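Engineer:
6 protein chains.
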Amino acid sequence: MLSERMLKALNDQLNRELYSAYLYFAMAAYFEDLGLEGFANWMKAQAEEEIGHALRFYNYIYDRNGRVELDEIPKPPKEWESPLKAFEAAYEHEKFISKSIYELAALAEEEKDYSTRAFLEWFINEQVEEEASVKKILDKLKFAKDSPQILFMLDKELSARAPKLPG
Amino acid sequence: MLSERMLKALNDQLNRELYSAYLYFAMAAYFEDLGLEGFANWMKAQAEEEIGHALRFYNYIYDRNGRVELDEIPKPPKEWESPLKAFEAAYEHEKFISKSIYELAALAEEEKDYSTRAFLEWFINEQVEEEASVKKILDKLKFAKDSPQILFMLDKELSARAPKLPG
Amino acid sequence: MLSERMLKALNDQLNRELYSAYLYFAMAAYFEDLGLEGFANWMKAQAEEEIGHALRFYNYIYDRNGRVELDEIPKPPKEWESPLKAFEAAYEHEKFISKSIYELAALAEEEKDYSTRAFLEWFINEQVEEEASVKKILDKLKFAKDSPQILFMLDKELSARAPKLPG
Amino acid sequence: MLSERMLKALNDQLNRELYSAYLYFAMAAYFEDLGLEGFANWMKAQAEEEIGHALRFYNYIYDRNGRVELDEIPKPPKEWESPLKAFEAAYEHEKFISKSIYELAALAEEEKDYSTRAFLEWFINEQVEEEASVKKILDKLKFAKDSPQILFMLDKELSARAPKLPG
Amino acid sequence: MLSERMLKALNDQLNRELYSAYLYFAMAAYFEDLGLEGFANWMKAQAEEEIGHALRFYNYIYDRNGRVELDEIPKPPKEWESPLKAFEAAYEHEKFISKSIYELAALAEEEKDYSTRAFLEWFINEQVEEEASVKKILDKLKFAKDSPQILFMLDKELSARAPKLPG
Amino acid sequence: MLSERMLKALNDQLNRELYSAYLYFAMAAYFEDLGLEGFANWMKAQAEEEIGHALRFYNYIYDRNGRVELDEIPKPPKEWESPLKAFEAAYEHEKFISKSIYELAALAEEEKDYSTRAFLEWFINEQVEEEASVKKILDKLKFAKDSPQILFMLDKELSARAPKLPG
Ligand SMILES: [Fe+3]
Ligand SMILES: [Fe+3]
Ligand SMILES: [Fe+3]
Ligand SMILES: [Fe+3]
Ligand SMILES: [Fe+3]
Ligand SMILES: [Fe+3]
Ligand SMILES: [Fe+3]
Ligand SMILES: [Fe+3]
Ligand SMILES: [Fe+3]
Ligand SMILES: [Fe+3]
Ligand SMILES: [Fe+3]
Ligand SMILES: [Fe+3]
Ligand SMILES: [Fe+3]
Ligand SMILES: [Fe+3]
Ligand SMILES: [Fe+3]
Ligand SMILES: [Fe+3]
Ligand SMILES: [Fe+3]
Ligand SMILES: [Fe+3]
Numbered sequence: 001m002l003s004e005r006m007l008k009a010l011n012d013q014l015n016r017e018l019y020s021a022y023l024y025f026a027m028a029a030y031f032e033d034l035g036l037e038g039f040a041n042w043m044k045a046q047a048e049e050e051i052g053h054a055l056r057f058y059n060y061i062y063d064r065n066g067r068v069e070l071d072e073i074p075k076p077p078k079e080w081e082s083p084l085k086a087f088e089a090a091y092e093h094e095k096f097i098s099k100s101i102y103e104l105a106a107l108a109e110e111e112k113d114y115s116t117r118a119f120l121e122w123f124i125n126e127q128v129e130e131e132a133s134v135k136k137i138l139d140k141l142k143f144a145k146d147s148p149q150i151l152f153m154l155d156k157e158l159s160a161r162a163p164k165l166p167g
Numbered sequence: 001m002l003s004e005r006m007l008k009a010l011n012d013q014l015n016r017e018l019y020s021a022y023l024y025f026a027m028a029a030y031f032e033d034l035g036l037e038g039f040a041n042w043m044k045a046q047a048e049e050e051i052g053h054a055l056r057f058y059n060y061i062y063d064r065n066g067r068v069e070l071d072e073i074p075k076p077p078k079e080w081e082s083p084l085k086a087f088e089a090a091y092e093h094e095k096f097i098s099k100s101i102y103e104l105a106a107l108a109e110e111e112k113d114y115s116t117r118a119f120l121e122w123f124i125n126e127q128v129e130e131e132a133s134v135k136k137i138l139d140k141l142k143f144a145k146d147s148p149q150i151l152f153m154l155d156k157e158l159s160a161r162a163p164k165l166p167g
Numbered sequence: 001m002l003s004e005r006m007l008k009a010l011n012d013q014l015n016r017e018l019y020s021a022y023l024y025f026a027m028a029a030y031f032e033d034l035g036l037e038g039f040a041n042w043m044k045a046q047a048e049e050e051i052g053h054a055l056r057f058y059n060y061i062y063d064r065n066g067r068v069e070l071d072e073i074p075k076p077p078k079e080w081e082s083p084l085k086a087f088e089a090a091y092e093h094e095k096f097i098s099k100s101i102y103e104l105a106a107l108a109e110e111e112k113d114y115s116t117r118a119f120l121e122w123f124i125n126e127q128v129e130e131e132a133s134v135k136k137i138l139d140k141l142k143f144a145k146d147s148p149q150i151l152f153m154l155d156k157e158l159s160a161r162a163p164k165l166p167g
Numbered sequence: 001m002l003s004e005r006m007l008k009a010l011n012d013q014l015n016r017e018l019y020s021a022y023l024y025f026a027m028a029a030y031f032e033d034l035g036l037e038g039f040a041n042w043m044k045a046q047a048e049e050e051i052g053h054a055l056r057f058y059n060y061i062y063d064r065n066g067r068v069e070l071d072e073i074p075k076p077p078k079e080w081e082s083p084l085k086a087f088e089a090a091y092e093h094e095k096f097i098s099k100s101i102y103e104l105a106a107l108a109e110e111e112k113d114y115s116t117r118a119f120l121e122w123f124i125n126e127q128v129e130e131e132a133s134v135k136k137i138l139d140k141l142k143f144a145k146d147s148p149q150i151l152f153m154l155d156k157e158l159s160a161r162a163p164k165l166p167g
Numbered sequence: 001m002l003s004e005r006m007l008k009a010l011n012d013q014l015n016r017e018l019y020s021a022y023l024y025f026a027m028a029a030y031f032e033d034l035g036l037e038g039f040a041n042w043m044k045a046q047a048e049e050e051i052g053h054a055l056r057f058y059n060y061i062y063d064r065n066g067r068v069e070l071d072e073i074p075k076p077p078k079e080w081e082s083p084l085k086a087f088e089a090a091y092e093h094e095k096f097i098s099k100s101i102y103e104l105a106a107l108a109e110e111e112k113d114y115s116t117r118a119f120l121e122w123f124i125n126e127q128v129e130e131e132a133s134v135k136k137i138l139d140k141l142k143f144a145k146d147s148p149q150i151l152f153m154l155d156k157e158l159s160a161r162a163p164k165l166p167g
Numbered sequence: 001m002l003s004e005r006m007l008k009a010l011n012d013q014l015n016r017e018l019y020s021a022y023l024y025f026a027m028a029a030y031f032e033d034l035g036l037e038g039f040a041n042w043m044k045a046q047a048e049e050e051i052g053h054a055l056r057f058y059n060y061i062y063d064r065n066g067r068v069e070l071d072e073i074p075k076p077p078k079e080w081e082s083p084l085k086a087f088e089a090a091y092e093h094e095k096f097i098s099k100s101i102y103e104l105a106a107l108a109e110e111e112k113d114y115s116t117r118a119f120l121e122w123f124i125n126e127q128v129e130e131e132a133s134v135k136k137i138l139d140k141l142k143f144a145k146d147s148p149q150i151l152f153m154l155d156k157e158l159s160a161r162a163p164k165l166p167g
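Those sequence lines, one after another, are chains G, Y, I, J, 1 and 0. Residues 1 to 167, numbered by the authors' numbering, are exactly what the first sequence covers, in order. Residues 1 to 167, numbered by the authors' numbering, are exactly what the second sequence covers, in order. Residues 1 to 167, numbered by the authors' numbering, are exactly what the third sequence covers, in order. Residues 1 to 167, numbered by the authors' numbering, are exactly what the fourth sequence covers, in order. Residues 1 to 167, numbered by the authors' numbering, are exactly what the fifth sequence covers, in order. Residues 1 to 167, numbered by the authors' numbering, are exactly what the sixth sequence covers, in order.
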């Protein structure tokens, strides 16, 4: 009840979600190094959220009597010219993930797989939230052009988002 | 204050820890497919634990004013002849990690890197626990051999261990 | 991320929501004049609800990186021949809001704009409720055709629903 | 508001849901007479859940100002060759309901009936959950091929789920 | 301990109880269509109650080492000329069920099946309550003759009896 | 008890208050668009307050046995050159509402309408507060001429004024 084609498409997205976790982890390491601990914490929390997204794909595949297959996780970029550029890349990256979702939605419509299409509604809606969140910080970073004072401040605000795992 | 060898070595250990997260996750998918939800949830818990280990290097590295670098994470194996064989691989894998910790310890001693070597004590003691914990289960499995009545009971026990994240 | 056709239909639907708030406020004022303070309040509660619906569009717009534009709000009718008529009016108004939404859904599908299509599901569902709830009363006012005892009773019932804001 | 074609199809699904409740009540009796009280209670609770499904249809039909009409409920099977063959029937049956739902979804789309499509969305996700929960147990019964020992411990696990009407 | 006859007769009453539930559900749909929400809830509560009655039979039957057989449940009337006539139809059905209980009892006494006769004692008493319950309402609907304003208040009186399952 | 002219002057001021809600809501969209979420929330709260002022007239008109008549709320401006400019436009708006209220006091005095003139005392005081409330913010904006860091902190302060409706 999953087509061989759809399974590959779902396992592929599961892999994109994990890569997406890892990129944020890479971004955390990058903010860490800049000393911006709040930014860094936000990125870890984001990383954890992406692992969550991956598990959602994992559970759906099992629910549909499929079989998860795990693929290499590409090595993410090490750095970025500035916090603003990191967020630009996060944004571009969320835009990339959405497109993959639409493509998945399209394939599910074409196959007449209502289950998978329904399962994806959740990601269509979550991605709206995901892009808006990244956009909102990206713009504050624009508005903070030649001003470390504001960078410092945003850093403190973002630190309110703590990754749920360590403790 | 970390020599470039040390930094490279901690980073490789960080990546080894992530690979284990992933190998264990790969094991969770293998059990899930067999419909052994107890084992499946044990592997996901084990997988989070490994991410934890990963962050300890992360944390240590930054404390010594290093820079983390994330590397690609290899495709894990997909399948195993049997639950026993997967636990065997897990056991063999932990033995692999323990040897790595020793190689790192020896590295830290030769360089007279007291800080790093202190940092590794935690890993020497944890790896004793890790090895013993997988062996216990692996032995319970040799004991079941040709008894699904026991795999059933083993599954159920193991379901006691659950991953934090989903919640 | 929002096409120009979408942006327009969304602001339009936002202004359509604001005008319902005003229409219902108009009916509140009609009911008040008939001394029917129960109906008048329920209408004021419905206005507040419509403003809520307008804020839902306002938010989705900004989330999709859009720009809200506020247009003029037409003067609503002043009078109706009877309580039954004003509810008939309000039912037809809801059936009209509904079709404005179906129209938005249709546009979204033509443009292959999954996020917007997905965001409207909520409105499709709320409208089912909106229509059913206006209808339940409408029905109770046909039963109460020529008999002010029941009209007087409905009034007390509907005063249960109060507007939250004057608090 | 509801096309004749649509309303008759919804009434037909309502009847389908009731025959489901009846089918599982039939499985409940089949299991009691085997002295599998756990199995029997599971099936009872399932029956109740199906009545709930029938009520969602009833509610939706009335919310669209339609009219429910009840058709006769056919006599269900009395017996199955074994607990496994019984769960095979249930699984084959949940698939049949899924198809009925997909067919309905296709009909709503074809007639541009957005409201009914949105309503059916809950059944597309619920059926995913339905088929999975029957498959987990179906597979457990395969894994207990010739083994009353496991059958007995399944019966005891299933007894956790219990019908609410005795209360 | 149950003769072929008693088993047959009992499995038959079980079915009538089920049909009874179905019939009340049918009147629930009828009252709901008229916009009589109170009356409609009352009838759904009565339907569950009848399912409860079926369960007592089901439980007695397995108590005596019998086997429950389920039979098809016939189409009930869609429609009544008025609320009063539904209630007349209701009452007549309750007397019909009572008569079938008495025959059951009488067959018990004849075969000298003390256990079965004793089981029915519950139903003998419950039926007294059932008929009285229906008659009170029946009679109040007569008292309401040409008074929508009374029917309104009766509906509101009845909304206090609510079905339990939806929760 | 209300002169034909008074009612008209009261209904106009009612409408003026609604237009105020709209104006402030426009300025909300404006600030939202700049990503100044705190100004945006302030403005949404003030929008609500304005709706409150309208209801005050609405209540008075019905107390004195008048009828409320609602008029078209015109299109407010979409844009302003800067946040400071918006607050200048709002001060100017409030000053005009004030003038509007004096004209109403003068009228009621001149018509020797004592009820109406006393009703307005509330507004004469409220406008003092309104004007000053805007002036304080407007002046802080002058104070923060070419300093985005002060714009930022002022945004965080105003964020404390939350509208009361999203809940
Ligand atoms: Fe994601
Ligand atoms: Fe994401
Ligand atoms: Fe998110
Ligand atoms: Fe480890
Ligand atoms: Fe380990
Ligand atoms: Fe451990
Ligand atoms: Fe609305
Ligand atoms: Fe509405
Ligand atoms: Fe509503
Ligand atoms: Fe169902
Ligand atoms: Fe089902
Ligand atoms: Fe279910
Ligand atoms: Fe009964
Ligand atoms: Fe009865
Ligand atoms: Fe009773
Ligand atoms: Fe005002
Ligand atoms: Fe004001
Ligand atoms: Fe004020």
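Built from N, CA and C at the ideal position, the CB exists for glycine as well.
Whose Cβ in chain 0 lies nearer than 7 Å to the Cβ of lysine 78 (chain I)?
Structural biologist: Here the neighbours are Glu69.
Engineer: Using only Cβ atoms and a threshold of 6 Å, which residues come within that distance of a heavy atom of ligand 1? Order them by chain position.
Structural biologist: Listed along the chain, these residues meet the criterion: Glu17 (chain G), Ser20 (chain G), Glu50 (chain G), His53 (chain G) and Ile97 (chain G).
Engineer: Excluding the 5 residues flanking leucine 23 (chain G) on each side, which residues of the same chain have their C-beta closer than 7 Å to its C-beta?
Structural biologist: For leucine 23 (chain G), where only same-chain residues beyond five positions count, the Cβ hits under 7 Å are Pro76 and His93.
Engineer: Note the first and the last residue of the continuous alpha helix (DSSP H) segment covering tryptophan 42 (chain J).
Structural biologist: Segment 37 to 63, the alpha helix (DSSP H) holding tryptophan 42 (chain J).
Engineer: Hey, would you say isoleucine 61 (chain I) sits closer than 8 Å to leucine 10 (chain I), going by beta carbons?
Structural biologist: For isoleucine 61 (chain I) and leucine 10 (chain I), yes; Cβs fall inside 8 Å.
Engineer: Can you pull the chain G residues whose beta carbon is under 8 Å from the beta carbon of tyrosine 102 (chain J), in chain order?
Structural biologist: Chain G residues near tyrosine 102 (chain J): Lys112 and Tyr114.
Engineer: Would you list the one or two residues that DSSP bridges to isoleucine 101 (chain J)?
Structural biologist: Note: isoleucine 101 (chain J) sits in no beta bridge, so no partner.
Engineer: Given that a residue counts as buried once 16 or more other Cβ atoms are within 10 Å of its Cβ, and exposed if not, what is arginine 5 (chain J)?
Structural biologist: Per the 10 Å Cβ criterion, exposed.
Engineer: Name, going along the chain, the residues of the region 25 to 46 of chain 0 whose beta-carbon falls closer than 8 Å to a beta-carbon of chain I.
Structural biologist: Those would be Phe25, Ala26, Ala29, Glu32 and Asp33, in chain order.
Engineer: In chain order, what residues of the same chain lie with their CB nearer than 7 Å to the CB of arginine 117 (chain 0), ignoring the 5 residues before and after it?
Structural biologist: Contacts found: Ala105, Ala108 and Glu109.
Engineer: For chain 0, is any of its Cβ atoms less than 8 Å away from the one on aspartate 139 (chain G)?
Structural biologist: Yes - at least one Cβ of chain 0 is within 8 Å of the one on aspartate 139 (chain G).
Engineer: Output, in sequence order along the chain, the residues in the region 136 to 163 of chain 1 whose CB is closer than 7 Å to any CB in chain I.
Structural biologist: Cβ contacts with chain I come from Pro148, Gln149 and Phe152.
Engineer: Please list the partners that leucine 7 (chain Y) has in chain G, where partner means a Cβ-to-Cβ separation under 7 Å.
Structural biologist: Within 7 Å Cβ-Cβ: nothing; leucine 7 (chain Y) doesn't reach chain G, min ~12 Å.
Engineer: What do you get for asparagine 59 (chain Y), buried or exposed, if any count of 16 or more other CB atoms within 10 angstroms of its CB means buried?
Structural biologist: Counting Cβ neighbours within 10 Å, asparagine 59 (chain Y) comes out exposed, since fewer than 16 surround it.
Engineer: Would you mind telling me which residues of chain J sit closer than 7 Å to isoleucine 124 (chain I), beta carbon to beta carbon, in chain order?
Structural biologist: Neighbours of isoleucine 124 (chain I) on chain J, chain order: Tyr114, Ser115 and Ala118.
Engineer: Return the CA-CA distance between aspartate 139 (chain 0) and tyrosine 114 (chain I), expressed in angstroms with no decimal places.
Structural biologist: Taking the straight line joining both Cα atoms gives about 45 Å.
Engineer: If you count every other CB in all the chains shown that lies within 10 Å of the CB of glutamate 32 (chain G), and 16 or more means buried, which is it?
Structural biologist: Answer is buried; the Cβ neighbour count reaches 16.
Engineer: For the candidate residues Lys112 (chain 1), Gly66 (chain 1), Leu151 (chain 1) and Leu14 (chain 1), whose alpha-carbon lies nearest to that of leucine 34 (chain J)?
Structural biologist: The shortest C-alpha separation from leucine 34 (chain J) is found at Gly66 (chain 1).
Engineer: Between which two residues does the alpha helix (DSSP H) holding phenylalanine 143 (chain Y) run?
Structural biologist: Unbroken alpha helix (DSSP H) run through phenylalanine 143 (chain Y): 114 to 144.
Engineer: What does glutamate 72 (chain 1) touch in chain J if you count any residue whose Cβ is under 8 Å from its own?
Structural biologist: In chain order: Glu72, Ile73, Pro74 and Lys75.
Engineer: May I ask you to check if the CB of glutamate 129 (chain 1) is nearer than 7 Å to at least one heavy atom of ligand 15?
Structural biologist: True, at least one ligand heavy atom lies under 7 Å from that Cβ.
Engineer: Alpha carbon to alpha carbon, how far is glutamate 88 (chain G) from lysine 156 (chain G)?
Structural biologist: Cα-Cα distance, rounded: 20 Å.
Engineer: Does the separation of the CB atoms of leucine 165 (chain G) and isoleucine 97 (chain Y) fall below 8 Å?
Structural biologist: No.
Engineer: With a 10 Å radius around its C-beta and 16 neighbouring C-beta atoms as the bar for buried, classify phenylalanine 152 (chain 0) as buried or exposed.
Structural biologist: Result: buried.
Engineer: For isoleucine 73 (chain 0), which residues does DSSP report across the bridge?
Structural biologist: Bridge partners of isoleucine 73 (chain 0): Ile73 (chain I).
Engineer: Using 8 Å for Cβ pairs, my map puts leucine 36 (chain 0) next to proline 83 (chain 0). What's the rounded Cβ distance?
Structural biologist: About 7 Å; that satisfies the 8 Å criterion.
Engineer: Please confirm whether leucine 141 (chain I) and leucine 120 (chain I) have their CB atoms less than 8 Å apart.
Structural biologist: Contact: no.
Engineer: List, in chain order, every chain G residue whose beta-carbon is nearer than 7 Å to that of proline 166 (chain Y).
Structural biologist: Here the neighbours are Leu55.
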